[PDB]
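Chemist: There's a structure below that I have some questions on.
As a convention, Cβ positions derive from the backbone with ideal geometry for all residues, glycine included, and neighbour counts pool all protein chains shown. Bear in mind that the values in this text are calculations on the coordinates, not laboratory data.
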Amino acid sequence: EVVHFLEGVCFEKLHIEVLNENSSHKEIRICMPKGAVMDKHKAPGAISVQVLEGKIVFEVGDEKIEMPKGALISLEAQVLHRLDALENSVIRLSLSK
Amino acid sequence: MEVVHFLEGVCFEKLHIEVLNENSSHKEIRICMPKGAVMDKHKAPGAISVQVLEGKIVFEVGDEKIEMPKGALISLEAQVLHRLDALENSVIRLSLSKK
């Protein structure tokens, strides 16, 4: 019932894992090595992306919003986005139902 | 499509609660907890998600007492009584679900 987003972080490869799940959300952790990129990603439901550690650039549509530690962004279902890690980053993705 | 900054403008003088974002179903809240601050006997209407962005707190529900360091996340069901005690200057992100 208690997950640890900063415990077991590895910056060797791009890691995506489901740490926890309710029928309301899905809690996913993303470890991005510096330089890692996640292009074209499209989520089925609404999502909220927050940088727990590090720094990334979030790109949606035309804008490139740089997200430092603590930045949170919400997207609507079926919206095309991209993630570029400016630093070793740990991201928390909350996928909704 | 909003961009909130949980760690921008953090103050540990007082226990601070702010609604950073709100949509028809969810609610994104920041909680700046000074060291030693308490949030006793709290009852949330919907399901909540509590995660420690900075610092350390203890989450208490019923009889069990979970220590939540930086990065720890916890989910609850609606209508569950809980308590938060800050062991260190902490910034908490709470996700409240409305209906």
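Chemist: Name the residue that is farthest from A:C10 (Cα to Cα), counting only residues in the range A:51-97 that are basic (K, R) and buried (at least 16 other Cβ atoms within 10 Å of the Cβ). Before the answer, list the steps.
Modeler: Start the filter on the range A:51-97 by keeping residues that are basic (K, R), which leaves A:55, A:64, A:69, A:82, A:92, A:97.
Now restrict to residues that are buried (at least 16 other Cβ atoms within 10 Å of the Cβ): A:55, A:69, A:92.
Working: A:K55: 16, A:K69: 18, A:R92: 15 Å.
In this case the residue turns out to be A:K69.
Chemist: Any chance the range B:10-19 includes a residue that's crowded, with 17+ Cβ neighbours inside 10 Å and either more than 9 Å from chain A (Cβ to nearest Cβ) or farther than 24 Å from A:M67 by Cα (or both)?
Modeler: Yes, because at least one residue in the range B:10-19 is crowded, with 17+ Cβ neighbours inside 10 Å and either more than 9 Å from chain A (Cβ to nearest Cβ) or farther than 24 Å from A:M67 by Cα (or both).
Chemist: Go over the candidates A:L6, A:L93 one by one and state the one that is within 30 Å of B:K65 (Cβ to Cβ) and outside any strand (DSSP E or B). Give the steps one after another, and end with the answer.
Modeler: On the way: A:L93 fails: outside any strand (DSSP E or B).
The conditions single out A:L6.
Chemist: For the range B:51-89, which positions are assigned to a strand (DSSP E or B), more than 10 Å from chain A (Cβ to nearest Cβ) and touching a residue at least 24 places away in the same chain (Cβ under 8 Å)? It would help to see each step written out before you state the result.
Modeler: Step one: filter the range B:51-89 for residues assigned to a strand (DSSP E or B), giving B:51-54, B:56-61, B:64-69, B:72-75, B:81-86.
Now narrow it down to the ones that are more than 10 Å from chain A (Cβ to nearest Cβ): B:56-58, B:60, B:65, B:81-86.
Residues satisfying the conditions are B:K56, B:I57, B:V58, B:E60, B:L81, B:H82, B:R83, B:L84, B:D85, B:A86.
Chemist: Out of the residues in the range A:22-50 that are out of contact with any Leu (no Cβ under 8 Å at 6 or more places or on another chain) and surrounded by 14 or more Cβ atoms within 10 Å (Cβ to Cβ), state the one that is farthest from A:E76 (Cα to Cα).
Modeler: Within the range A:22-50, the match that is farthest from A:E76 (Cα to Cα) is A:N22.
Chemist: Counting only residues that are of a type outside the set (S, T, N, Q), in contact (Cβ under 8 Å) with a residue 12 or more places away in the chain and farther than 18 Å from A:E27 by Cβ, how many does the range B:18-50 have? Outline the logic, then answer.
Modeler: In the first step, residues of the range B:18-50 are kept if they are of a type outside the set (S, T, N, Q); the result is B:18-20, B:22, B:26-48, B:50.
Narrowing further to those that are in contact (Cβ under 8 Å) with a residue 12 or more places away in the chain: B:18, B:20, B:26-48, B:50.
In the following step, the residues that additionally are farther than 18 Å from A:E27 by Cβ were identified as B:18, B:20, B:30-43, B:45.
Total satisfying the criteria: 17.
Chemist: Filter the range A:20-50 down to the residues that are within 12 Å of chain B (Cβ to nearest Cβ) and charged (D, E, K, R), then identify the one that is farthest from A:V90 (Cα to Cα).
Modeler: A:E21
Chemist: Is it fair to say B:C11 is assigned to a strand (DSSP E or B) and over 22 Å from A:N20 (Cα atoms)? Write out each step before concluding.
Modeler: Working: assigned to a strand (DSSP E or B): no; over 22 Å from A:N20 (Cα atoms): yes.
When the stated conditions are applied, B:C11 does not pass them.
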